[PDB]
Number of protein chains: 2
Amino acid sequence: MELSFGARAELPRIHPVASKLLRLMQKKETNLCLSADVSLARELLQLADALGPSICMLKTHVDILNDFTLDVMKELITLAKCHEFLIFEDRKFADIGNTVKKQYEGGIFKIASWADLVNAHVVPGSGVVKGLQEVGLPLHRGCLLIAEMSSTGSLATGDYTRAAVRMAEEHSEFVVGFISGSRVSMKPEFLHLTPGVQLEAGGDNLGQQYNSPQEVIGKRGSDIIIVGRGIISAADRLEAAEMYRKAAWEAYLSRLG
Amino acid sequence: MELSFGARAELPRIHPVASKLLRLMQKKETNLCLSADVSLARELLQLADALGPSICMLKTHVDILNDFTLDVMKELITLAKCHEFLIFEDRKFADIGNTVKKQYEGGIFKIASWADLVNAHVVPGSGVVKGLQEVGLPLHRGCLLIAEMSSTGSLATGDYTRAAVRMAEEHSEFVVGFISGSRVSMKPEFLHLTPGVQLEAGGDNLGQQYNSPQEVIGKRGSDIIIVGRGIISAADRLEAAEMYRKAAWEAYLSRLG
Ligand SMILES: O=c1ccn([C@@H]2O[C@H](COP(=O)(O)O)[C@@H](O)[C@H]2O)c(=O)[nH]1
Ligand SMILES: O=c1ccn([C@@H]2O[C@H](COP(=O)(O)O)[C@@H](O)[C@H]2O)c(=O)[nH]1
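Residues numbered from 1 in each chain as written, not as in the entry; some residues may be left out. Chains lettered and ligands numbered in written order. Heavy atoms only, no water.

Per the PDB entry, chain A carries the name Uridine 5'-monophosphate synthase and comes from Homo sapiens. What the PDB record gives as the title of this entry is "Orotidine 5'-monophosphate decarboxylase-domain of human UMPS in complex with the product UMP at 0.83 Angstroms resolution". Turning to chain A, the UniProt annotation filed under Function states: "Bifunctional enzyme catalyzing the last two steps of de novo pyrimidine biosynthesis, orotate phosphoribosyltransferase (OPRT), which converts orotate to orotidine-5'-monophosphate (OMP), and orotidine-5'-monophosphate decarboxylase (ODC), the terminal enzymatic reaction that decarboxylates OMP to uridine monophosphate (UMP)." What UniProt states about chain A under its Subunit heading is, verbatim, "Homodimer; dimerization is required for enzymatic activity." (UniProt positions renumbered as here; feature names shortened; annotations may be inferred.)

Moving on, we come to the interface of chain B and chain A. With 47 residues of chain B at the interface, the matching set in chain A holds 47 residues. Across the chain B to chain A interface the summed buried area is about 3,700 Å²; carbon plus sulfur atoms make up 59%. For chain B, the biggest contributors to the area lost against chain A are B:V123, B:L155 and B:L206; these three give 18% of the whole. Taken together, the connections running from chain B to chain A amount to four salt bridges. B:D95 is paired through a salt bridge with A:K92; the nearest N and O atoms lie 2.7 Å apart. Summed over the shared surface of chain B and chain A, the result is 14 residue pairs in polar contact. If you list the elements that add at least two residues to the side of chain B that touches chain A, you get β3 (86-93), α5 (97-105), α6 (127-136) and α7 (159-170) of chain B. Looking at the side of chain B that touches chain A element by element, the count peaks at six residues for α5(B). Broken down by class, the residue content of the side of chain B that touches chain A amounts to 16 nonpolar, 19 polar and 12 charged. (Contact = heavy atoms within 4.5 Å. Buried area = accessible area lost by both parts, 1.4 Å probe. Salt bridge = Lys/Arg side-chain N within 4 Å of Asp/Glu carboxyl O. Polar contact = N/O pair within 3.5 Å; in protein donor to acceptor, adjacent residues only side chain to side chain. Helix = DSSP H or I, 4+ residues; strand = E, 2+ residues; numbered from the N terminus. Nonpolar A, V, L, I, M, F, W, Y, C, P; charged D, E, K, R; others polar.)

Residue and element names in this part refer to chain A. Secondary-structure assignment places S222 in the loop between α8 (213-219) and β8 (224-227). Residue classification places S222 among the buried residues on the basis of a relative accessible area of 0%. Sequence-distant contacts of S222, that is, excluding residues within four places in its chain, are made with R183, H192, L193, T194, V216, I217 and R255. (Buried < 20%, exposed > 50% of the residue type's maximum accessible area, 1.4 Å probe, protein only.)

Turning chain B through 180° and shifting it by 0.0 Å along the axis lays it on chain A, with an RMSD of 0.0 Å. Seen this way, the second copy is the image of the first under a two-fold rotation axis. A symmetric contact is evident, with 100% of the interface residues of chain B recurring at the interface of chain A. (Least-squares fit on C-alpha atoms.)

All names here are of chain A. With respect to the helices, strands and loops of the structure, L22 is situated in helix α2 (residues 16-28). Sequence separation between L22 and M73 is 51 residues; the distance between their C-alpha atoms is 23 Å. Residues in contact with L22, not counting those within four places in the same chain, are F5, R8, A9, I14 and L191.

Looking now at unusual backbone geometry. Although it is not a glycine, A:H140 adopts a positive phi angle of roughly 55°. Assessed through its relative accessible area of 65%, A:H140 is described here as exposed.

As a further point, take the site of ligand 1. In the region of ligand 1, 17 residues are neighbours, and A:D37, A:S150, A:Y210, A:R229 and B:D95 sit closest. Each of chains A and B places residues next to ligand 1. Within the contact set of ligand 1, an oxygen atom lies 3.2 Å away from a side-chain nitrogen or oxygen of A:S35. A distance of 2.9 Å is found between an oxygen atom of ligand 1 and a backbone nitrogen or oxygen belonging to A:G228. Calculation on ligand 1 without its partners gives an accessible area of 460 Å², and the protein chains cover 98% of this total. Here the shell around ligand 1 is built from residues that sort into five nonpolar, six polar and six charged. (Near = heavy atom within 4 Å. Areas by Shrake-Rupley, 256 points an atom, 1.4 Å probe, with all protein chains shown as cover.)

In this section: the site of ligand 2. Neighbouring ligand 2 are 17 residues, the closest being A:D95, B:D37, B:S150, B:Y210 and B:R229. Those residues lying near ligand 2 are distributed over chains A and B. Contact distances for ligand 2 include 2.8 Å between an oxygen atom and a side-chain N or O atom of A:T99. Interatomic distance of 2.9 Å between a backbone N/O atom of B:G228 and an oxygen atom of ligand 2. Across the complex, the protein chains shield 98% of the 470 Å² of accessible surface that ligand 2 would expose by itself. Tallied by class, residues from the shell around ligand 2 come to five nonpolar, six polar and six charged.

As a further point, take the UniProt feature "binding site: orotidine 5'-phosphate" in chain A. Residues and elements named next belong to chain A. As recorded in UniProt, the sites labelled "binding site: orotidine 5'-phosphate" are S35, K59, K92, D95, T99, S150, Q208, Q209, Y210, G228 and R229. The annotated residues occupy 195 residues of the chain and do not converge on a single region, their most distant C-alpha atoms lying 33.0 Å apart. Note that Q209 resides in the loop between β7 (191-194) and α8. Excluding residues within four positions of it along the chain, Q209 makes contact with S150, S151, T152, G196, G202 and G203. Side-chain polar atoms of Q209 contact the side chain of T152, separated by 3.4 Å. With respect to the secondary-structure elements, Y210 resides in the loop between β7 and α8. Residue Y210 is classed as buried on the basis of its relative accessible area, which comes to 13%. Contacts of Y210, omitting those with residues within four sequence positions, involve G196, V197, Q198, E200, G202, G203, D204 and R229.

For the rest of this paragraph, the subject is the sheet that holds β8(A). All names here are of chain A. Strand order in this closed barrel of eight strands is β1-β2-β3-β4-β5-β6-β7-β8, and the pairing throughout is parallel. Ignoring strand direction, the axes of neighbouring strands in this sheet form an average angle of 30°. Note: strand β2 (residues 57-60) against strand β3 (residues 86-93), four bridges, orientation parallel. Each bridged residue has a counterpart across the sheet, and for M57 the counterpart in β3 is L86. (Pairing = 2+ DSSP bridges. Axes fitted to C-alpha atoms, helices over the stretch in contact; angles between N-to-C directions.)

Written out as structure tokens, the structure is:
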């Protein structure tokens, strides 16, 4: 009894951010998250505008932008609202609770002010989530927990992955899903987002490993693919995004029956 | 056959950054790292100047400064050189190698340009270290691997800690030690730095747990204590730093015999 994205958006325990995401995924027929791994604000914004209709989400690493300002993020929000996608800052909070609350709200990035979603590693224990909650719940935000990683030698396996699932399921007022390589929770309220995705087999020279959209959405049961270089390094990023969108969407439909 | 800090500084396999640190620890009779967990540049710099003579290291979270600029970090370097301490940015890199190299070199913080030391979580596998190396080795920097954490529910235990030790010992041209609660490596070339330290028993409301300097240096065999609020929240931060310095230094001497 797998439910569609649109039906999952109505589940009793769904988080509002998850519901908004699932609705726009269904409406736009996209389960693609662009990993906008660029150093120039203009390139980030030009990609967001052109690829916005093709994506459910844009994932940032703002600490790599050479020309970050809060006004860049205001412009990104305008595009996210226009084209209907969520903004996910891939910050990987991974400190004690008291520290991560300050890293989320403050400093020069003010992440909580513009990011719909952030993520956290579970290695510190649940205080990492408690600390982020304290900022994120008043700001109506959501969080993803890193249950698995795509890179060679990842230690996010076995009991570590199980601990991430338990932590998410016990902080469901803020945690909306996972970064994972596969479905890790049996609860349909949670979102599974999978990086390490390309159409062709391979990897990079620093431990990244790729699997295809069909493999990770269809056979591994994930919801959303996160794609960086497979799009970003292509000449025509729009065409590349459409290839990935169609691959991930069909894989989802074919598992739904 | 425990060696003094000064003798460890001469070990055949010692990393130059570790040697510099061990020498100044011995010279100044300090194994205290100040965790300068403040939001104002002026407070950071005033603490660095006043407490510089008492510390071997100043640990930053630059992403919490409200008024970060690269010129603040130039001023911090002047103080580090004057008073002889290393600068450790507690960034907790925790992404795939290709991403962390950009996060270390680039963006608005340009961490590698001013931080003697950074740290990394081992959860992504060794590509996290490979990626950071690529920036840090040309810049003559060092790295600490997070082998244990002080917070309640930490998953950095057992085989995870052992994996961190193996990863460090296989990347010894860049990795100089650990964030840990105790001695985790038997190789004296590696430094052990321990947060979660206060003179009194207790914790915080977000999962931090404290142990005393005597416990973590004397009984658990660590080298350096990392102290934030036990100093920062005190009225007289200089007196507080001296209390912690004397505690950690005596605990070291008494284990040395
Ligand atoms: O397990 C993980 C978690 C996160 N990312 C992130 O997802 C993107 C993958 O990019 P690419 O390999 O598709 O270019 C990068 O931003 C990277 O930091 C991974 O690749 N793997
Ligand atoms: O396992 C760890 C790793 C790092 N820190 C860091 O060390 C400092 C501890 O501060 P305090 O509890 O002494 O104020 C903080 O900056 C925190 O982010 C910990 O407390 N525990």
